[PDB]
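*Asks:*
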Amino acid sequence: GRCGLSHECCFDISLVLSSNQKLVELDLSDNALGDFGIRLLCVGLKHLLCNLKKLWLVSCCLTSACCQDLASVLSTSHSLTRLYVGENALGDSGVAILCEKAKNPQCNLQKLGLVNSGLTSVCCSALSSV
Amino acid sequence: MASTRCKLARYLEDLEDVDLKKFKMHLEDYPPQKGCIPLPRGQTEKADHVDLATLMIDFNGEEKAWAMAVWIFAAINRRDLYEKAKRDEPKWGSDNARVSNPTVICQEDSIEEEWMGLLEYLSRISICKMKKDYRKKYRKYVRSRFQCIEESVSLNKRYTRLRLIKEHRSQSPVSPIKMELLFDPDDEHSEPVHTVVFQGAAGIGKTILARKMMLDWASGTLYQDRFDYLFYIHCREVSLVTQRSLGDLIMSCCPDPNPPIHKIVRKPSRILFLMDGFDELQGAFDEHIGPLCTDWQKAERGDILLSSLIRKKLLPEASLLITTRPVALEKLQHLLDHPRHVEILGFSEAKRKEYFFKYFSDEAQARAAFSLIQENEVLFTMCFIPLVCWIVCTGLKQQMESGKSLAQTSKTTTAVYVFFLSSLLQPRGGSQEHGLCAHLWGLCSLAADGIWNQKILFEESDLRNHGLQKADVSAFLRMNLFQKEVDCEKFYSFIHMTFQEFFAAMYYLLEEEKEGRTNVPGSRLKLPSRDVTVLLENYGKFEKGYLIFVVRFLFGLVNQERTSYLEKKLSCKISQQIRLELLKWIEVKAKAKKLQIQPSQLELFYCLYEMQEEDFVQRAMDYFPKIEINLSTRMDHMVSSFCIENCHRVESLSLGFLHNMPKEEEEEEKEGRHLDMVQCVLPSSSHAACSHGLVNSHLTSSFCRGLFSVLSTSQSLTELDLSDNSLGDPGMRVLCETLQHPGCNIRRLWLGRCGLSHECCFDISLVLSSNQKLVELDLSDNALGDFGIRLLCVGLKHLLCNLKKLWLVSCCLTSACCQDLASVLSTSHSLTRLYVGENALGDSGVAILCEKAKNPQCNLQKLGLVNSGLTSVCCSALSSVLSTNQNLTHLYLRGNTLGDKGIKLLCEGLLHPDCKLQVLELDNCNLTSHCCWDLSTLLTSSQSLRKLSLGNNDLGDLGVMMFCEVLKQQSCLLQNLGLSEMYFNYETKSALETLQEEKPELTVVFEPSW
Amino acid sequence: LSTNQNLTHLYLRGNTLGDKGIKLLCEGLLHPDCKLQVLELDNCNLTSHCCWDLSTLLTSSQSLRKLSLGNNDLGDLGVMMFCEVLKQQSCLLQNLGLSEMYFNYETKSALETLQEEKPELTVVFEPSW
Ligand SMILES: CC(C)(O)c1coc(S(=O)(=O)NC(=O)Nc2c3c(cc4c2CCC4)CCC3)c1
Ligand SMILES: Nc1ncnc2c1ncn2[C@@H]1O[C@H](COP(=O)(O)OP(=O)(O)O)[C@@H](O)[C@H]1O
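Chains as they are written, first to last, in the UniProt record's numbering: chain A, 778 to 907; chain B, 3 to 152, 160 to 180, 198 to 1036; chain C, 908 to 1036.
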């Protein structure tokens, strides 16, 4: 966390997630990476990687786009227990995808970190059903 | 005699420097004569001649200042100045002074109060009165000719801020410049520029815009008040052979009983002519007619008057605004230079609703009808070019006067027109006695003559010839709502030129009222030929208005099923044989000549789009594998998408900016032509600047999803080109999913010179993994970087042996990527050619690029390393590469400095017999005569090489001489040699031709040779 | 040119004539008794329009050997007719020189193939690869 990493690393970190498997927790908070990074990290999250339960990704200067990416992995993730994606630039538009993924019984997530994300009341109608 | 200061300054110039010093001292020490106050020492010494004269006047007054000078000239003994001062007595009026607030010695002094106004009124008599008389009149007059009928009664309420993307110079800043400073250039650039032109589709509203633009500025309205006059001229009244002067043209706008034109002949470039519709110009017009016009008042020919006006040779400073039809641009564009092209677009989705906000009076009228448009998306995408929206709202409005709307069946532009006619011909048309179908033919006959004889303004003079001048046409007039009042004097006309061209197409199918009617109103002659082949033969002529809609509407009309139960007054086998005739027209165009004025491929695609149902359109679409089109709006994207849905097996698709497609020449094998640099000239750093701040919110995931959905259904398509396209990474993701489809079948894909980056390279790597059947990729000139190379490599090594060539030049690549390119080539099966030149690899980068080439698995053959920045230090490596590689045969190195030290190793690099080099490029390599002997020795001793290039180097007379010894050594079984770009005298050429004459085996070429 | 039995060469590069003048040039060699073998018309301010006219003479003229026409508005359509010149077997010309105008692939496209087809005529394209 809090380092200066970016997307090229996220390619390398995605390869690391694919090869370690025994890795159970990762903190990338406060690292200014963006969305492409989330795309590559997701192809990592979905290969020999059910064991990953927690992921810290706050303040990574992430736009809403990444939400399309976070949905698909969570749409297939086996044992992702906690997610911390707050304080990034997702917005109510971004979470509109983040609520679609949560309808399935396969969603083994337990916690959700959305503090200071900039969301408004319009997004509550969605997560209420979630 | 206005200024005494200037005269005193001239006398100060006359004074010698010693006399001037004495004059200053005397001015500072002036004695008290005639109440004269001496100048302060600092002011006198610092002041120049002009300033000192002003300071002398300011200190005491003009009369005292001159009197002081006369005394000083005598005191300084400047007799000539003293005599001149006595000889010349200037008038005491005053010079220009920045005393805006008057100041006097008395404490009360003076102010900018009423006194100023009184003085101004006393001295100012003509300027203000003349300006006032010229202004108010012109303004109110130009203002009251566009309203107050008892629909054209409110115009500004019908504004919209219509789109105005002004063509950026055709070889990013926004600057919409809609109203304010639209004529004004950028910083300086071109201050005296006068010509601006508007490009818009037929029916956009360019005629409306001029009326609005007049109406805006016809009240000042915070428009270009720094511009004095505007001149509206629509070419409906203007015709050939008129022999009328500009003043006659000017007095046409405002018929002044006492034309002040002598005062209108004032301040050129302060007056603007708003010329309207080049399409409206009817008749022949030579863009470079022989006779020339420069006289403003001479009664000259109508086209000649315009000719001088368009060339601005008459009235050299007059500004001009010309609404023009895009198809007619080439005439004026060749005619006139530096034209401010302005693309104008119709209403958007929301704006179309906002038009109904202007139009409709109730939501149940507005909201319900508009809701129908959204469901009818084919109509909705057709709801561009606001004229069609006018048809939509008006026609539906009338339907509400009788019933409820439906799907409206308006899937095509023609379907919009005919549905409008059906509601139009409701009350009296149904009865046979008052059947207007024969009268519909009557107006169609008039419509046909409207362009066949170029008389839009037929007037009562010709309507009586074509039909019932009083009784019947009055209903049609009231149905057409405007046929006479536009001219306002006596002439009669039509609503718009689309209607005239629409009815012109109808008469062709109606067999001219069948062959069993006739009954002409005196028209035994002047019948345009019922044949349609002549229509395509005169197609594209300005004499006939380029005949777009006439031909275009024919396709929509001949829909058999549609018009069968719509008209039952339709054509016969004549239409069926017309289709074959029209089929032949489309057939010949693609096969015979691609270079014509503008029979565009998309323009034909518009035609086939109107003609629904598969087979005829299929035969026509299968007449061209060369599809090179440009797109501007959803409708253009839709018609292109729909037309390609037909047929299959199509070879090549082309899109994007284009208009020039260099720097992408394929070489294949055993070619005499290779890929060479172009880089254009003008893109420079502007291309990179546009790639970052492009924005373009009007371009989205749409405009592409549908079009590429056709490509996903390619059905045995092979080649796709996307060069120069402004397609960014999101569109690239859509294209990659499209390619992923098993049914894409695409063989080659070109995306060079675009603005792509690494996110795409992730998507392009996925595409390479999924297509496999892709055999060639061009990513040249795309600023991507190295991460992209890393992702592209994991792509190159999965289900991807088939890829043989890859173009990656100018991709702003650093050396790092070389570590990546090595590993893939260390494992690549069938990568035949590689182009990675002009990137920032350096000798450090190629140090890896040589390591990979040692293995026998390296099935590479060509190598593009031109302009890569490499130096001699890297030659020691690649020298060993060539001997140890059994497949490389070509190497290109033009523009890269090596020097003879590096080239020395190159000969050793081919010294080994197991070398398979056939082609080498060494032009502009910074090479000298010294190494020429060394390389020549190899050339005789090497049999594998075929062609070599060595231009732009220090070959020298002695060096080029050895090529004769090469010939004298019969081992010179080379195939080609290319030298160029160096000036020499006769002897270099002298041996050249003789040995070229002697040698037919070797194709020696000297480019600068005669 | 018609009335002279000895003149065989004329050089006119850089001199503006325009297609109106060049139109008469074809007529100027229309007479069978013309003995012109070399003509220079590069940089003559010439357009594609007259290319058809001069081409007609080229097929119908046997005396001419070499011609130069660069730095003029030949156009894609105009340079195309040189293929029809080849397709008209009467094209027993000895050389042809065009240069100094940028075009896209199609101009070069037919060039090499017909140069490959034709060894009789020494067609040369200076800016060609
Ligand atoms: C790009 C190219 C060559 O096709 C082109 C550019 O401008 C023209 S044009 O012919 O002069 N103008 C029009 O065609 N306007 C128009 C259009 C449609 C439907 C209708 C109209 C007029 C009323 C119905 C569909 C899109 C264009 C052609
Ligand atoms: N800004 C606009 N607002 C509303 N309607 C418009 C506008 N511009 C054009 N129109 C419609 O277009 C028709 C006239 O178009 P016109 O100016 O003749 O286009 P063009 O000059 O391209 O043929 C009118 O019936 C009008 O309803």
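Where a beta carbon is used, it is the ideal one built from N, C-alpha and C, also for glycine.
Please classify residue 611 of chain B as buried or exposed, where buried requires at least 16 neighbouring CB atoms within 10 angstroms.
*Replies:* buried
*Asks:* Quick one: is residue 1011 of chain C near chain B, going by C-beta distance under 8 Å?
*Replies:* yes
*Asks:* Select from B:50, B:65, B:56, B:199 the residue whose C-alpha is nearest the C-alpha of residue 36 of chain B.
*Replies:* Nearest C-alpha to residue 36 of chain B: B:65.
*Asks:* Could you give the first and the last residue of the continuous alpha helix (DSSP H) run that contains residue 1032 of chain B?
*Replies:* Run containing residue 1032 of chain B: none in the alpha helix (DSSP H); it sits in the beta strand (DSSP E), 1029-1032.
*Asks:* Identify whether residue 779 of chain B lies in helix, strand or coil by the three-state DSSP scheme.
*Replies:* coil
*Asks:* Identify the residues that DSSP records as bridge partners of residue 859 of chain A: which are they?
*Replies:* A:831
*Asks:* Measure the Cβ-Cβ separation of residue 798 of chain B and residue 825 of chain B and say whether it is below 8 Å.
*Replies:* yes
*Asks:* Under 7 Å Cβ-Cβ, which residues of chain B neighbour residue 925 of chain C?
*Replies:* Around residue 925 of chain C, no beta-carbon contact reaches into chain B at under 7 Å, the shortest distance being about 10 Å.
*Asks:* Sort B:489, B:514, B:516, B:509 by Cα distance to residue 522 of chain B and report the nearest one.
*Replies:* B:509
*Asks:* Return yes when the Cβ of residue 922 of chain B is within less than 8 Å of the Cβ of residue 951 of chain B, no when it is not.
*Replies:* Against a cut-off of 8 Å, the Cβ pair of residue 922 of chain B and residue 951 of chain B comes out as a contact.
*Asks:* Specify, as a first and last residue, the run of the alpha helix (DSSP H) that residue 1019 of chain B falls within.
*Replies:* 1012-1024
*Asks:* Going by alpha carbons, who is nearest to residue 579 of chain B out of B:87, B:283, B:441, B:763?
*Replies:* B:441
*Asks:* In three-state DSSP terms, what is residue 897 of chain A?
*Replies:* coil
*Asks:* With residue 299 of chain B as the anchor, note down where its alpha helix (DSSP H) starts and where it stops.
*Replies:* Taken as a continuous stretch (DSSP letters only), residue 299 of chain B belongs to no alpha helix (DSSP H), being part of the beta strand (DSSP E) at 297-302.
*Asks:* To the nearest whole angstrom, what separates the beta carbons of residue 947 of chain B and residue 905 of chain B, a pair I think is in contact under 8 Å?
*Replies:* In fact, because the Cβ distance is near 16 Å, the residues do not count as touching under 8 Å.
*Asks:* Pick helix, strand or coil for residue 29 of chain B, following the three-state DSSP scheme.
*Replies:* helix
*Asks:* Measure from the C-beta of residue 785 of chain B to each C-beta in chain A and report whether the shortest distance is under 8 Å.
*Replies:* At least one chain A Cβ lies under 8 Å of residue 785 of chain B.
*Asks:* Leaving aside the five residues before and after residue 961 of chain B along the sequence, list all residues of the same chain whose C-beta is less than 6 Å from its C-beta, in chain order.
*Replies:* 933
*Asks:* As a quick exercise: from B:981, B:42, B:844, B:414, pick the residue whose alpha carbon is nearest that of residue 862 of chain B.
*Replies:* B:844
*Asks:* The alpha helix (DSSP H) that contains residue 13 of chain B, what's its start and end?
*Replies:* 6-16
*Asks:* In angstroms, rounded to a whole number, what distance separates the CA positions of residue 725 of chain B and residue 145 of chain B?
*Replies:* 39 Å
*Asks:* If I measure Cβ to Cβ from residue 569 of chain B and keep anything under 6 Å in the same chain, skipping five residues before and after, which residues do I get?
*Replies:* 310
*Asks:* Tell me which same chain residues have a C-beta within less than 7 Å of the C-beta of residue 167 of chain B, skipping the five on either side of it?
*Replies:* 384, listed in sequence order.
*Asks:* Quick one: list the residues of chain B neighbouring residue 1036 of chain C, beta-carbon separation under 8 Å, in chain order.
*Replies:* 691, 698, 699, 700, 702
*Asks:* Going by DSSP in three states, residue 174 of chain B sits in which element: helix, strand or coil?
*Replies:* strand
*Asks:* How would you write the range of the alpha helix (DSSP H) that residue 802 of chain A sits in, first residue to last?
*Replies:* Not the alpha helix (DSSP H): residue 802 of chain A falls in the beta strand (DSSP E), residues 802-804.
*Asks:* Strictly by DSSP, which residues pair up with residue 1004 of chain B?
*Replies:* The partner list for residue 1004 of chain B (beta bridge, DSSP) reads B:975, B:1031.
*Asks:* Identify the contact partners of residue 982 of chain C in chain B, using a Cβ-Cβ distance below 8 Å as the criterion.
*Replies:* 621
*Asks:* Give me the chain A residues within the contact set of residue 502 of chain B, using Cβ-Cβ distance strictly less than 9 Å, ordered along the chain.
*Replies:* Under the 9 Å cutoff, chain A gives no residues; its nearest Cβ is about 54 Å from residue 502 of chain B.
*Asks:* Check the Cβ of residue 1033 of chain C against every Cβ in chain B and list those closer than 8 Å, keeping chain order.
*Replies:* 1033
*Asks:* Report yes if the C-beta of residue 988 of chain C is less than 7 Å from at least one heavy atom of ligand 1; otherwise report no.
*Replies:* no
*Asks:* Whole angstroms are fine: how far does the CA of residue 137 of chain B sit from the CA of residue 661 of chain B?
*Replies:* 45 Å
*Asks:* Can you tell which of B:327, B:870, B:848 has its C-alpha closest to the C-alpha of residue 860 of chain B?
*Replies:* B:848
*Asks:* With a CB to CB cut of under 7 Å and the five nearest residues on each side skipped, what residues in its chain are close to residue 10 of chain B?
*Replies:* Closer than 7 Å at the Cβ level, and outside the excluded window around residue 10 of chain B, lie 55, 58, 67, 68, 71.
*Asks:* Would residue 381 of chain B and residue 352 of chain B qualify as a contact pair, given that the criterion is a beta-carbon distance under 8 Å?
*Replies:* For residue 381 of chain B and residue 352 of chain B, no; Cβs fall outside 8 Å.
*Asks:* Shorter than 7 Å, the distance from the beta carbon of residue 629 of chain B to the closest heavy atom of ligand 1, or not?
*Replies:* yes
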